[PDB]
Amino acid sequence: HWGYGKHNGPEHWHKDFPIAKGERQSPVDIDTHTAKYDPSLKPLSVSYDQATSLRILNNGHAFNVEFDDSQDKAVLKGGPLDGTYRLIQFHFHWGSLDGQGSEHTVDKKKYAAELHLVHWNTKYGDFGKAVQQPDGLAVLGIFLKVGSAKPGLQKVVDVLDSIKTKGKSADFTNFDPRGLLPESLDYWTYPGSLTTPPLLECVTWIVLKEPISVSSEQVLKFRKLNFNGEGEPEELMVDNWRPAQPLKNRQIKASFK
Ligand SMILES: COc1ccc(N[C@H](NS(N)(=O)=O)Oc2ccccc2)cc1OC
Ligand SMILES: [Zn+2]
């Protein structure tokens, strides 16, 4: 029964999921003056041309766009990664106001929202097996700032009315995730975890330097979603982000000098 409120939010999660106070938790603050250029990083390859989106779902915490991951249709390779990682879904975290919403921060700076593209390591055969491994997942994180509209985000925005409440889903085929990327693929990378319960420490984080711009109108439609189920009292789906966690014994590396 976890959530983001006073009584079931991030400060409570450790009781059901003790790993919340683990050695490799996410998100983290990215101190740009402590992260180091790593020349050993190979180029990052985002290969989404044949992506096959299936559906969108309000899971009571965020909304998920899910993809067909039965083959290597949309994959992330290179960068810090060994092998091939298949896209399984994306989702966002966002705020009640534009001054907050992201999970990662950059020199303590909070963005309005954060996009998570979730991929699993094909050497482990399925997602469930992957989340039992220290290198099972790779998540591509993209910051959102408010300014001009993001054209590739509008189709997402325009389906949200049809999935306002928990448990609601809609057909969401022929959506191209390439329309959510910034120009530049400059990133920071570090080893971490899922930022939601069960907070598994299986993730290679790849966080893009360059934010994308979304319109106020677009983010306002995110804030119209509901945490609650149909016919329940309205709890707006806002501030579904986990704050920064201790870096502990970890190095954040930059792919750019
Ligand atoms: C196919 O199964 C999964 C797919 C994806 C994630 N990741 C993800 N959160 S995050 N920030 O760690 O990536 O899950 C949630 C959860 C609630 C709201 C929003 C995103 C977790 C999954 O099973 C645990
Ligand atoms: Zn996430």
# chains A, B, ... in the order shown; residues from 1 in each chain; ligands from 1

$ residues_around --residues "residue 11 in chain A" --least-positions-apart "3" --cutoff "12 Å" --atoms "only C-alpha atoms" --output "list in words"
residues 2, 3, 4, 5, 6, 7, 8, 14, 15, 16, 17, 18, 20, 21, 197, 241, 242, 243, 244 and 245 of chain A

$ residues_around --residues "range 166-168 of chain A" --least-positions-apart "6" --cutoff "7 Å" --atoms "only C-alpha atoms" --output "PyMOL selection string"
chain A and resi 57-60+226-229

$ atom_distance --atom1 "CA of residue 157 in chain A" --atom2 "CA of residue 56 in chain A"
11.2 Å

$ residues_around --residues "residue 95 in chain A" --least-positions-apart "5" --cutoff "12 Å" --atoms "only C-alpha atoms" --output "list in words"
residues 4, 62, 100, 101, 102, 103, 110, 111, 112, 113, 114, 144, 145, 146, 219, 220, 221, 222, 223, 224, 236, 237, 238, 239, 240, 241, 242 and 243 of chain A

$ residues_around --residues "range 63-77 of chain A" --least-positions-apart "6" --cutoff "6 Å" --atoms "only C-alpha atoms" --output "PyMOL selection string"
chain A and resi 45-48+50-57+84-91

$ write_last_selection --atoms "N, CA, C and O atoms" --output "PDB file, in the first residue's frame"
ATOM      1  N   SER A  45      23.880   4.258 -27.925  1.00  0.00           N
ATOM      2  CA  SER A  45      23.049   3.958 -29.081  1.00  0.00           C
ATOM      3  C   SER A  45      21.613   3.668 -28.650  1.00  0.00           C
ATOM      4  O   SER A  45      21.358   2.646 -28.011  1.00  0.00           O
ATOM      5  N   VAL A  46      20.723   4.577 -29.013  1.00  0.00           N
ATOM      6  CA  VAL A  46      19.291   4.522 -28.783  1.00  0.00           C
ATOM      7  C   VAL A  46      18.628   4.124 -30.102  1.00  0.00           C
ATOM      8  O   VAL A  46      18.547   4.976 -30.997  1.00  0.00           O
ATOM      9  N   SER A  47      18.225   2.864 -30.188  1.00  0.00           N
ATOM     10  CA  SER A  47      17.683   2.308 -31.422  1.00  0.00           C
ATOM     11  C   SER A  47      16.200   2.001 -31.270  1.00  0.00           C
ATOM     12  O   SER A  47      15.791   0.901 -30.924  1.00  0.00           O
ATOM     13  N   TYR A  48      15.387   3.020 -31.536  1.00  0.00           N
ATOM     14  CA  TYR A  48      13.961   2.903 -31.291  1.00  0.00           C
ATOM     15  C   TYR A  48      13.150   2.900 -32.582  1.00  0.00           C
ATOM     16  O   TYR A  48      11.928   3.036 -32.484  1.00  0.00           O
ATOM     17  N   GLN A  50      12.063   0.702 -34.726  1.00  0.00           N
ATOM     18  CA  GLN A  50      11.009  -0.300 -34.833  1.00  0.00           C
ATOM     19  C   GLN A  50      10.212  -0.497 -33.550  1.00  0.00           C
ATOM     20  O   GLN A  50       9.599  -1.551 -33.351  1.00  0.00           O
ATOM     21  N   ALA A  51      10.173   0.485 -32.659  1.00  0.00           N
ATOM     22  CA  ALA A  51       9.427   0.313 -31.415  1.00  0.00           C
ATOM     23  C   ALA A  51       7.945   0.050 -31.685  1.00  0.00           C
ATOM     24  O   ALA A  51       7.329   0.600 -32.592  1.00  0.00           O
ATOM     25  N   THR A  52       7.406  -0.818 -30.846  1.00  0.00           N
ATOM     26  CA  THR A  52       6.017  -1.220 -30.885  1.00  0.00           C
ATOM     27  C   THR A  52       5.308  -0.963 -29.563  1.00  0.00           C
ATOM     28  O   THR A  52       5.351  -1.796 -28.665  1.00  0.00           O
ATOM     29  N   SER A  53       4.669   0.183 -29.458  1.00  0.00           N
ATOM     30  CA  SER A  53       3.960   0.550 -28.238  1.00  0.00           C
ATOM     31  C   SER A  53       2.624  -0.186 -28.227  1.00  0.00           C
ATOM     32  O   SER A  53       2.078  -0.444 -29.303  1.00  0.00           O
ATOM     33  N   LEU A  54       2.122  -0.533 -27.055  1.00  0.00           N
ATOM     34  CA  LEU A  54       0.893  -1.316 -26.987  1.00  0.00           C
ATOM     35  C   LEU A  54      -0.255  -0.569 -26.327  1.00  0.00           C
ATOM     36  O   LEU A  54      -1.353  -0.442 -26.861  1.00  0.00           O
ATOM     37  N   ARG A  55       0.013  -0.076 -25.116  1.00  0.00           N
ATOM     38  CA  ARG A  55      -1.062   0.434 -24.277  1.00  0.00           C
ATOM     39  C   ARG A  55      -0.577   1.483 -23.294  1.00  0.00           C
ATOM     40  O   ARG A  55       0.616   1.499 -23.001  1.00  0.00           O
ATOM     41  N   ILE A  56      -1.501   2.290 -22.790  1.00  0.00           N
ATOM     42  CA  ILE A  56      -1.113   3.175 -21.681  1.00  0.00           C
ATOM     43  C   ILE A  56      -1.973   2.874 -20.474  1.00  0.00           C
ATOM     44  O   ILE A  56      -3.169   2.561 -20.537  1.00  0.00           O
ATOM     45  N   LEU A  57      -1.347   2.958 -19.300  1.00  0.00           N
ATOM     46  CA  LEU A  57      -2.017   2.547 -18.078  1.00  0.00           C
ATOM     47  C   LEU A  57      -1.754   3.474 -16.896  1.00  0.00           C
ATOM     48  O   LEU A  57      -0.626   3.876 -16.605  1.00  0.00           O
ATOM     49  N   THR A  84      22.834  -5.782 -24.844  1.00  0.00           N
ATOM     50  CA  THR A  84      21.610  -5.235 -25.372  1.00  0.00           C
ATOM     51  C   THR A  84      20.510  -5.155 -24.330  1.00  0.00           C
ATOM     52  O   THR A  84      20.293  -6.126 -23.614  1.00  0.00           O
ATOM     53  N   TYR A  85      19.859  -4.007 -24.251  1.00  0.00           N
ATOM     54  CA  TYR A  85      18.790  -3.814 -23.282  1.00  0.00           C
ATOM     55  C   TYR A  85      17.520  -3.420 -24.014  1.00  0.00           C
ATOM     56  O   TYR A  85      17.486  -2.473 -24.802  1.00  0.00           O
ATOM     57  N   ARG A  86      16.463  -4.176 -23.764  1.00  0.00           N
ATOM     58  CA  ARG A  86      15.212  -3.951 -24.463  1.00  0.00           C
ATOM     59  C   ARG A  86      14.232  -3.018 -23.780  1.00  0.00           C
ATOM     60  O   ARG A  86      13.962  -3.191 -22.590  1.00  0.00           O
ATOM     61  N   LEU A  87      13.644  -2.060 -24.495  1.00  0.00           N
ATOM     62  CA  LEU A  87      12.667  -1.155 -23.900  1.00  0.00           C
ATOM     63  C   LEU A  87      11.394  -1.896 -23.511  1.00  0.00           C
ATOM     64  O   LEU A  87      10.829  -2.593 -24.368  1.00  0.00           O
ATOM     65  N   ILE A  88      10.928  -1.757 -22.275  1.00  0.00           N
ATOM     66  CA  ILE A  88       9.703  -2.435 -21.863  1.00  0.00           C
ATOM     67  C   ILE A  88       8.594  -1.439 -21.581  1.00  0.00           C
ATOM     68  O   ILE A  88       7.430  -1.691 -21.903  1.00  0.00           O
ATOM     69  N   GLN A  89       8.920  -0.266 -21.015  1.00  0.00           N
ATOM     70  CA  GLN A  89       7.910   0.764 -20.852  1.00  0.00           C
ATOM     71  C   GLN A  89       8.568   2.113 -20.567  1.00  0.00           C
ATOM     72  O   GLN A  89       9.766   2.120 -20.287  1.00  0.00           O
ATOM     73  N   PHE A  90       7.800   3.190 -20.615  1.00  0.00           N
ATOM     74  CA  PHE A  90       8.271   4.437 -20.033  1.00  0.00           C
ATOM     75  C   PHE A  90       7.181   5.003 -19.119  1.00  0.00           C
ATOM     76  O   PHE A  90       6.000   4.685 -19.160  1.00  0.00           O
ATOM     77  N   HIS A  91       7.642   5.941 -18.308  1.00  0.00           N
ATOM     78  CA  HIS A  91       6.708   6.629 -17.434  1.00  0.00           C
ATOM     79  C   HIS A  91       7.334   7.960 -17.023  1.00  0.00           C
ATOM     80  O   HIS A  91       8.486   8.182 -17.374  1.00  0.00           O
TER      81      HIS A  91
END

$ residues_near_ligand --ligand "ligand 1" --cutoff "6 Å" --atoms "only C-alpha atoms and all ligand atoms" --output "count of residues only"
7

$ select_by_dssp --residues "range 21-223 of chain A" --states "alpha helix (DSSP H)" --output "MDAnalysis selection string"
chainID A and resid 127:130 154:159 216:222

$ write_last_selection --atoms "N, CA, C and O atoms" --output "short mmCIF file (atom, residue, chain, number, x, y, z; two decimals), in the first residue's frame"
data_model
loop_
_atom_site.label_atom_id
_atom_site.label_comp_id
_atom_site.auth_asym_id
_atom_site.auth_seq_id
_atom_site.Cartn_x
_atom_site.Cartn_y
_atom_site.Cartn_z
N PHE A 127 12.10 -9.80 -18.00
CA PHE A 127 12.22 -8.70 -17.06
C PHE A 127 12.37 -9.21 -15.62
O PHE A 127 13.16 -8.71 -14.83
N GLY A 128 11.54 -10.20 -15.28
CA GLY A 128 11.51 -10.72 -13.93
C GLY A 128 12.83 -11.33 -13.50
O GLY A 128 13.20 -11.20 -12.33
N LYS A 129 13.52 -11.99 -14.42
CA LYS A 129 14.85 -12.54 -14.13
C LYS A 129 15.88 -11.42 -14.03
O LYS A 129 16.82 -11.42 -13.23
N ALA A 130 15.69 -10.41 -14.87
CA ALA A 130 16.63 -9.30 -14.93
C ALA A 130 16.70 -8.54 -13.62
O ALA A 130 17.77 -8.03 -13.25
N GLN A 154 2.51 15.24 -27.25
CA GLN A 154 1.11 15.62 -27.27
C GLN A 154 0.16 14.44 -27.35
O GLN A 154 -0.91 14.42 -26.73
N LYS A 155 0.52 13.41 -28.10
CA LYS A 155 -0.35 12.24 -28.21
C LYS A 155 -0.53 11.58 -26.85
O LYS A 155 -1.60 11.14 -26.46
N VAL A 156 0.56 11.54 -26.09
CA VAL A 156 0.45 11.09 -24.71
C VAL A 156 -0.52 11.97 -23.94
O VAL A 156 -1.47 11.49 -23.32
N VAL A 157 -0.28 13.28 -23.97
CA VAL A 157 -1.16 14.22 -23.29
C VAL A 157 -2.61 14.02 -23.65
O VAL A 157 -3.55 14.07 -22.86
N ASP A 158 -2.87 13.76 -24.94
CA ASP A 158 -4.28 13.75 -25.34
C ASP A 158 -4.98 12.46 -25.00
O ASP A 158 -6.20 12.37 -25.09
N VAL A 159 -4.29 11.41 -24.57
CA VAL A 159 -4.99 10.21 -24.10
C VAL A 159 -5.25 10.19 -22.61
O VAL A 159 -5.97 9.35 -22.05
N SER A 216 3.40 24.46 -20.48
CA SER A 216 2.62 24.51 -19.25
C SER A 216 1.31 23.75 -19.38
O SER A 216 0.85 23.06 -18.46
N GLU A 217 0.70 23.86 -20.55
CA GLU A 217 -0.55 23.17 -20.86
C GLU A 217 -0.37 21.66 -20.83
O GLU A 217 -1.21 20.89 -20.38
N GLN A 218 0.77 21.23 -21.36
CA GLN A 218 1.05 19.79 -21.35
C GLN A 218 1.24 19.31 -19.92
O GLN A 218 0.61 18.37 -19.45
N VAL A 219 2.12 19.97 -19.16
CA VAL A 219 2.31 19.45 -17.80
C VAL A 219 1.05 19.60 -16.98
O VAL A 219 0.81 18.83 -16.05
N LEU A 220 0.22 20.61 -17.29
CA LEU A 220 -0.99 20.77 -16.47
C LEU A 220 -1.91 19.58 -16.67
O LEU A 220 -2.66 19.15 -15.79
N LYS A 221 -1.87 18.97 -17.85
CA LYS A 221 -2.74 17.81 -18.06
C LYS A 221 -2.23 16.59 -17.32
O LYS A 221 -3.02 15.74 -16.93
N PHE A 222 -0.92 16.46 -17.09
CA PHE A 222 -0.42 15.42 -16.19
C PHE A 222 -1.04 15.52 -14.79
O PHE A 222 -1.41 14.52 -14.16
#

$ residues_around --residues "residue 189 in chain A" --least-positions-apart "4" --cutoff "12 Å" --atoms "only C-alpha atoms" --output "MDAnalysis selection string"
chainID A and resid 26:30 32 35:38 41 44 79:81 104 138:141 185 203:209 250:256

$ write_last_selection --atoms "N, CA, C and O atoms" --output "compact mmCIF listing (two decimals), in the first residue's frame"
# COMPACT_ATOMS: atom_id res chain seq x y z
N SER A 26 18.43 5.01 -5.64
CA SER A 26 18.11 6.10 -6.55
C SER A 26 16.82 6.80 -6.16
O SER A 26 15.97 6.19 -5.51
N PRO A 27 16.65 8.05 -6.58
CA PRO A 27 17.62 8.81 -7.36
C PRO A 27 18.72 9.42 -6.48
O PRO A 27 18.74 9.20 -5.26
N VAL A 28 19.59 10.18 -7.14
CA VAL A 28 20.65 10.90 -6.44
C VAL A 28 20.78 12.31 -6.97
O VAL A 28 20.30 12.63 -8.05
N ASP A 29 21.44 13.15 -6.17
CA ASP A 29 21.82 14.46 -6.69
C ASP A 29 23.08 14.28 -7.53
O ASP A 29 24.01 13.60 -7.10
N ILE A 30 23.10 14.89 -8.70
CA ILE A 30 24.26 14.85 -9.59
C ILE A 30 25.06 16.13 -9.41
O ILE A 30 24.72 17.20 -9.92
N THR A 32 27.75 18.23 -10.47
CA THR A 32 28.45 18.30 -11.73
C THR A 32 29.94 18.51 -11.54
O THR A 32 30.72 18.15 -12.42
N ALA A 35 31.33 14.84 -10.67
CA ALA A 35 31.26 13.79 -11.68
C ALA A 35 32.48 13.90 -12.60
O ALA A 35 32.95 15.02 -12.85
N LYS A 36 33.01 12.79 -13.07
CA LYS A 36 34.24 12.82 -13.87
C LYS A 36 34.05 12.34 -15.30
O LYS A 36 33.41 11.32 -15.56
N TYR A 37 34.66 13.06 -16.24
CA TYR A 37 34.63 12.56 -17.61
C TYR A 37 35.22 11.16 -17.69
O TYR A 37 36.28 10.87 -17.12
N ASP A 38 34.54 10.26 -18.39
CA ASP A 38 35.09 8.90 -18.48
C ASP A 38 35.32 8.54 -19.95
O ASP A 38 34.40 8.20 -20.69
N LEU A 41 33.95 5.29 -21.72
CA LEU A 41 32.55 5.10 -22.10
C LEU A 41 32.41 4.98 -23.62
O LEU A 41 32.95 5.79 -24.36
N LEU A 44 26.72 6.10 -26.87
CA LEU A 44 25.40 5.58 -26.55
C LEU A 44 24.56 5.39 -27.81
O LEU A 44 24.54 6.28 -28.66
N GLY A 79 27.37 3.11 -24.56
CA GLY A 79 27.51 3.88 -23.32
C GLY A 79 28.24 3.04 -22.29
O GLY A 79 29.26 2.40 -22.60
N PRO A 80 27.72 3.00 -21.08
CA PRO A 80 28.33 2.17 -20.03
C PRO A 80 27.88 0.72 -20.13
O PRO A 80 28.29 -0.14 -19.35
N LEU A 81 27.00 0.44 -21.10
CA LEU A 81 26.33 -0.85 -21.07
C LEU A 81 27.06 -1.93 -21.87
O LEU A 81 27.58 -1.66 -22.94
N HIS A 104 15.98 12.66 -10.04
CA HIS A 104 17.36 13.15 -10.00
C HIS A 104 17.37 14.67 -9.91
O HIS A 104 16.43 15.32 -10.35
N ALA A 138 18.57 -1.02 -17.31
CA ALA A 138 19.11 0.29 -17.68
C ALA A 138 17.94 1.25 -17.85
O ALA A 138 16.98 1.04 -18.61
N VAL A 139 17.98 2.35 -17.11
CA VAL A 139 16.92 3.34 -17.29
C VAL A 139 17.51 4.63 -17.84
O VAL A 139 18.48 5.14 -17.29
N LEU A 140 16.90 5.11 -18.92
CA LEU A 140 17.28 6.36 -19.54
C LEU A 140 16.44 7.46 -18.93
O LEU A 140 15.22 7.41 -19.10
N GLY A 141 17.08 8.40 -18.25
CA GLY A 141 16.31 9.46 -17.62
C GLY A 141 16.43 10.77 -18.37
O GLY A 141 17.51 11.18 -18.78
N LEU A 185 22.80 13.52 -26.67
CA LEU A 185 22.77 12.29 -25.88
C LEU A 185 23.88 12.23 -24.83
O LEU A 185 24.15 11.17 -24.27
N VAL A 203 19.80 -1.41 -11.41
CA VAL A 203 19.77 -0.44 -12.48
C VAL A 203 21.08 0.28 -12.77
O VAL A 203 21.75 0.81 -11.89
N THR A 204 21.41 0.32 -14.06
CA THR A 204 22.41 1.21 -14.63
C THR A 204 21.65 2.46 -15.09
O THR A 204 20.88 2.41 -16.06
N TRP A 205 21.85 3.56 -14.37
CA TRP A 205 21.22 4.84 -14.69
C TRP A 205 22.02 5.61 -15.74
O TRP A 205 23.24 5.73 -15.66
N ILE A 206 21.30 6.10 -16.73
CA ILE A 206 21.81 6.95 -17.81
C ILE A 206 20.91 8.18 -17.85
O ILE A 206 19.76 8.13 -18.27
N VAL A 207 21.42 9.30 -17.34
CA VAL A 207 20.65 10.52 -17.19
C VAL A 207 21.16 11.60 -18.14
O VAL A 207 22.31 12.03 -18.00
N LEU A 208 20.30 11.98 -19.08
CA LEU A 208 20.69 12.92 -20.13
C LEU A 208 20.83 14.32 -19.54
O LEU A 208 20.01 14.77 -18.73
N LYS A 209 21.89 14.99 -19.98
CA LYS A 209 22.25 16.34 -19.61
C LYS A 209 21.24 17.37 -20.08
O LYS A 209 20.89 18.28 -19.34
N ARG A 250 29.66 5.61 -4.43
CA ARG A 250 29.42 5.54 -5.88
C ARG A 250 30.05 6.74 -6.59
O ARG A 250 30.18 7.80 -6.01
N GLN A 251 30.43 6.48 -7.84
CA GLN A 251 31.03 7.43 -8.74
C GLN A 251 30.05 7.80 -9.84
O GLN A 251 29.51 6.90 -10.49
N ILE A 252 29.81 9.08 -10.06
CA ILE A 252 28.96 9.40 -11.22
C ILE A 252 29.93 9.76 -12.33
O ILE A 252 30.87 10.52 -12.11
N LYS A 253 29.73 9.20 -13.51
CA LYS A 253 30.62 9.47 -14.63
C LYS A 253 29.88 10.26 -15.70
O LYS A 253 28.67 10.06 -15.88
N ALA A 254 30.62 11.13 -16.36
CA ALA A 254 30.14 11.93 -17.47
C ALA A 254 30.66 11.39 -18.80
O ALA A 254 31.80 10.93 -18.89
N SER A 255 29.81 11.44 -19.82
CA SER A 255 30.21 10.96 -21.13
C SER A 255 30.79 12.09 -21.98
O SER A 255 31.16 11.89 -23.14
N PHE A 256 30.83 13.28 -21.40
CA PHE A 256 31.22 14.48 -22.12
C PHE A 256 32.25 15.24 -21.30
O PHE A 256 32.19 15.25 -20.07

$ residues_around --residues "residue 152 in chain A" --least-positions-apart "5" --cutoff "10 Å" --atoms "only C-alpha atoms" --output "PyMOL selection string"
chain A and resi 157+175-181+214

$ write_last_selection --atoms "N, CA, C and O atoms" --output "compact mmCIF listing (two decimals), in the first residue's frame"
# COMPACT_ATOMS: atom_id res chain seq x y z
N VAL A 157 -0.28 13.28 -23.97
CA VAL A 157 -1.16 14.22 -23.29
C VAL A 157 -2.61 14.02 -23.65
O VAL A 157 -3.55 14.07 -22.86
N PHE A 175 2.98 4.72 -31.33
CA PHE A 175 3.65 5.81 -30.66
C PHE A 175 5.17 5.62 -30.75
O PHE A 175 5.74 4.58 -30.44
N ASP A 176 5.85 6.67 -31.18
CA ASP A 176 7.29 6.66 -31.40
C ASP A 176 8.04 7.41 -30.31
O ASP A 176 7.94 8.63 -30.21
N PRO A 177 8.76 6.68 -29.46
CA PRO A 177 9.42 7.30 -28.31
C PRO A 177 10.57 8.21 -28.73
O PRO A 177 11.07 9.05 -27.98
N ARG A 178 10.99 8.10 -29.99
CA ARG A 178 12.03 9.03 -30.46
C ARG A 178 11.58 10.48 -30.34
O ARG A 178 12.41 11.39 -30.30
N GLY A 179 10.27 10.74 -30.30
CA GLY A 179 9.81 12.11 -30.20
C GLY A 179 9.92 12.70 -28.82
O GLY A 179 9.53 13.85 -28.61
N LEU A 180 10.44 11.92 -27.87
CA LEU A 180 10.64 12.43 -26.51
C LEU A 180 12.10 12.74 -26.21
O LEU A 180 12.45 13.19 -25.11
N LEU A 181 13.00 12.50 -27.15
CA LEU A 181 14.42 12.73 -26.87
C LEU A 181 14.91 14.14 -27.16
O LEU A 181 14.43 14.84 -28.06
N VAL A 214 8.64 21.07 -22.34
CA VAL A 214 7.22 20.80 -22.49
C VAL A 214 6.42 22.06 -22.16
O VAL A 214 6.89 22.92 -21.44

$ select_by_dssp --residues "range 9-249 of chain A" --states "strand (DSSP E)" --output "MDAnalysis selection string"
chainID A and resid 29:30 36:37 44:47 53:58 63:67 75:78 84:94 105:106 113:121 137:146 169:171 187:192 203:208 212:214

$ write_last_selection --atoms "C-alpha atoms" --output "tab-separated table (two decimals), in the first residue's frame"
chain	number	residue	atom	x	y	z
A	29	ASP	CA	21.82	14.46	-6.69
A	30	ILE	CA	24.26	14.85	-9.59
A	36	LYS	CA	34.24	12.82	-13.87
A	37	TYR	CA	34.63	12.56	-17.61
A	44	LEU	CA	25.40	5.58	-26.55
A	45	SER	CA	23.05	3.96	-29.08
A	46	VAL	CA	19.29	4.52	-28.78
A	47	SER	CA	17.68	2.31	-31.42
A	53	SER	CA	3.96	0.55	-28.24
A	54	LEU	CA	0.89	-1.32	-26.99
A	55	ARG	CA	-1.06	0.43	-24.28
A	56	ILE	CA	-1.11	3.17	-21.68
A	57	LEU	CA	-2.02	2.55	-18.08
A	58	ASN	CA	-2.75	4.49	-14.92
A	63	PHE	CA	1.00	6.28	-16.06
A	64	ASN	CA	2.95	3.68	-18.02
A	65	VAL	CA	3.33	3.35	-21.76
A	66	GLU	CA	4.14	-0.32	-22.36
A	67	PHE	CA	5.94	-1.81	-25.33
A	75	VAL	CA	16.93	-1.22	-27.73
A	76	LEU	CA	19.53	0.72	-25.79
A	77	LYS	CA	23.18	-0.28	-26.26
A	78	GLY	CA	26.67	1.14	-25.72
A	84	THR	CA	21.61	-5.23	-25.37
A	85	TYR	CA	18.79	-3.81	-23.28
A	86	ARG	CA	15.21	-3.95	-24.46
A	87	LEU	CA	12.67	-1.15	-23.90
A	88	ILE	CA	9.70	-2.43	-21.86
A	89	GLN	CA	7.91	0.76	-20.85
A	90	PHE	CA	8.27	4.44	-20.03
A	91	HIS	CA	6.71	6.63	-17.43
A	92	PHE	CA	7.08	10.05	-15.82
A	93	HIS	CA	7.39	11.62	-12.39
A	94	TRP	CA	6.22	15.20	-12.00
A	105	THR	CA	18.64	16.65	-9.35
A	106	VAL	CA	21.59	18.49	-10.93
A	113	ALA	CA	9.31	16.39	-14.36
A	114	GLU	CA	11.46	13.39	-15.27
A	115	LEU	CA	10.95	10.77	-18.02
A	116	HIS	CA	12.06	7.20	-17.35
A	117	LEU	CA	12.61	4.80	-20.26
A	118	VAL	CA	12.95	1.36	-18.70
A	119	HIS	CA	15.01	-1.36	-20.40
A	120	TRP	CA	16.04	-4.92	-19.42
A	121	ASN	CA	19.22	-6.87	-20.22
A	137	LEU	CA	18.19	-2.96	-15.97
A	138	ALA	CA	19.11	0.29	-17.68
A	139	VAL	CA	16.92	3.34	-17.29
A	140	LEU	CA	17.28	6.36	-19.54
A	141	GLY	CA	16.31	9.46	-17.62
A	142	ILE	CA	15.28	12.68	-19.30
A	143	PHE	CA	14.52	15.93	-17.53
A	144	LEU	CA	11.49	18.04	-18.44
A	145	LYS	CA	11.46	21.83	-18.10
A	146	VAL	CA	8.51	24.09	-18.86
A	169	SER	CA	-5.79	1.69	-19.54
A	170	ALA	CA	-6.16	2.62	-23.22
A	171	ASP	CA	-4.92	1.28	-26.54
A	187	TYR	CA	24.69	11.81	-20.10
A	188	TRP	CA	25.78	11.04	-16.59
A	189	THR	CA	25.73	7.40	-15.47
A	190	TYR	CA	25.90	5.66	-12.12
A	191	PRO	CA	24.80	2.35	-10.59
A	192	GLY	CA	21.49	2.51	-8.75
A	203	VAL	CA	19.77	-0.44	-12.48
A	204	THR	CA	22.41	1.21	-14.63
A	205	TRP	CA	21.22	4.84	-14.69
A	206	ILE	CA	21.81	6.95	-17.81
A	207	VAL	CA	20.65	10.52	-17.19
A	208	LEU	CA	20.69	12.92	-20.13
A	212	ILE	CA	13.41	18.56	-23.12
A	213	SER	CA	10.93	21.43	-23.08
A	214	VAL	CA	7.22	20.80	-22.49

$ closest_residue --among "A:49, A:98, A:161, A:82" --to "residue 122 in chain A" --atoms "only C-alpha atoms"
A:82

$ closest_residue --among "A:199, A:149, A:247, A:225" --to "ligand 2" --atoms "only C-alpha atoms and all ligand atoms"
A:199

$ closest_residue --among "A:148, A:184, A:162, A:249" --to "residue 230 in chain A" --atoms "only C-alpha atoms"
A:162

$ closest_residue --among "A:202, A:12, A:173, A:193" --to "ligand 2" --atoms "only C-alpha atoms and all ligand atoms"
A:193

$ atom_distance --atom1 "CA of residue 31 in chain A" --atom2 "CA of residue 198 in chain A"
26.2 Å

$ closest_residue --among "A:43, A:83, A:151, A:22" --to "residue 200 in chain A" --atoms "only C-alpha atoms"
A:22

$ atom_distance --atom1 "CA of residue 232 in chain A" --atom2 "atom 1 (Zn, counted along the ligand's line) of ligand 2"
25.1 Å
